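Only one chain is included here, represented as structure tokens and corresponding to the form deposited in one PDB entry.
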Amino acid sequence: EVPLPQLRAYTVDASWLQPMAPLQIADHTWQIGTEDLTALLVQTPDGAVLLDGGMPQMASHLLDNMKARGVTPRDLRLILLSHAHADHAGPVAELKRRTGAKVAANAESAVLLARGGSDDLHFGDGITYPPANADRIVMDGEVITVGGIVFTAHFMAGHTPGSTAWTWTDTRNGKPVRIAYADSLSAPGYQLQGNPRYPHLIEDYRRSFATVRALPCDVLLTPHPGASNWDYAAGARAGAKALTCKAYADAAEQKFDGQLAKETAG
């Protein structure tokens, strides 16, 4: 007649929502999210840590996978985030309600999370989710230790202002494995140049490529597995084709330079 449009739900490919059983990455580190969204459980003798949770509706699944690992609601001490978008921080508020988990995040991720991803720099209110409060604010290079796994925050602003790569050392076969869980280094449909909401976007992405390429990185994981050539459905070969941090960063930078060119053209 004509009415305003209905609200549109943030709808995603089915594989993003497909449950999987825990997939072991190293002695204490498991993928427990879906086939196409990363949620890392790190289990220690002094509690559990979750890095990302995926979409809002994944909370019960994650909890089931935690129980399958021996991790009870009280055992979950800490939630860490790559970035505070709906598709990776979605279930955080619910998890905080159903577990003993406390969130540690940088100021940028905390503010975005506290607004449930509303007023996004690029997407406006198209990707909102339940808001949650951070319990601890972390600085660049700050370390959080849980049961002798030491997580180091490496800011890598761009994809979001508060994007973070979290690094830690696990073991396999008695040998150290230096794991890097790096955020996306894409800029999907973003205005890169002269963006009033993010004036130094380009400078930040460039620094973030250099940050990521230099990470301690025997194994790279990304919030979307595909971005690092992981295949979570491939069992014993899941991680076989995984990129190095160096390769992941080079690819991201070459794509960004091509995106700049297209933006100037468009």
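Position 1 is the first residue in the sequence shown; the rest follow in order.
K.L.:
Comparing 233-241 with 36-44, where is the mean C-alpha B-factor higher?
P.N.:
The stretch with the larger average C-alpha B-factor is 233-241.
K.L.:
On average, which has the higher Cα B-factor in the deposited entry, 119-127 or 154-162?
P.N.:
The stretch with the larger average C-alpha B-factor is 119-127.
K.L.:
Name the residue from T167, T99, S109, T145 with the greatest C-alpha temperature factor listed in the entry.
P.N.:
The C-alpha B-factor peaks, among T167, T99, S109, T145, at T145.
K.L.:
Could you place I25 in the lowest, middle or highest third of its chain by Cα temperature factor, using the values in the record?
P.N.:
Lowest third of the chain for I25's C-alpha B-factor.
K.L.:
What third of its chain's C-alpha B-factors does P196 belong to: lowest, middle or highest?
P.N.:
Its C-alpha B-factor, which the entry lists for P196, ranks in the middle third among residues of this chain.
K.L.:
How does the C-alpha B factor of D140 compare with the rest of the chain: lowest, middle or highest third?
P.N.:
CA B-factor rank for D140: lowest third.
K.L.:
Ranked by Cα temperature factor within the chain, is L51 in the lowest third, the middle third or the highest third?
P.N.:
Tercile = lowest for this residue's CA B-factor.
K.L.:
When the deposited Cα B-factors of this chain's modelled residues are ordered and cut into thirds, is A134 in the lowest, the middle or the highest one?
P.N.:
Middle third by C-alpha B-factor.
The same protein has a further form, the form solved in complex with a small molecule, not shown here; the description that follows concerns it.
K.L.:
Although the partner isn't part of this model, could you tell me whether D140 comes within 4.5 Å of the small molecule in the deposited complex, counting any heavy atom of the residue?
P.N.:
No - in the deposited complex, heavy atoms of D140 and the small molecule never come within 4.5 Å of each other.
K.L.:
Contact with the small molecule in the deposited complex for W16, defined as at least one heavy atom pair within 4.5 Å: yes or no?
P.N.:
Looking in the deposited complex, residue contacts with the small molecule include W16, since a heavy atom lies within 4.5 Å.
K.L.:
Is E108 part of the interface with the small molecule in the deposited complex - any heavy atom within 4.5 Å?
P.N.:
No - in the deposited complex, heavy atoms of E108 and the small molecule never come within 4.5 Å of each other.
K.L.:
Does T99 reach the small molecule in the deposited complex, with heavy atoms at most 4.5 Å apart?
P.N.:
Because a heavy atom of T99 falls inside 4.5 Å of the small molecule in the deposited complex, the answer is yes.
K.L.:
Which of these residues, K241, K67, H224, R206, gets a heavy atom within 4.5 Å of the small molecule in the deposited complex?
P.N.:
Selected residue: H224.
K.L.:
Within 4.5 Å of the small molecule in the deposited complex, heavy atoms considered, which of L78, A153, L192, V71?
P.N.:
Going through each option in turn, the one that passes is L78.
K.L.:
Could you tell me if all three of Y10, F123 and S184 have a heavy atom no more than 4.5 Å from the small molecule in the deposited complex?
P.N.:
Yes.
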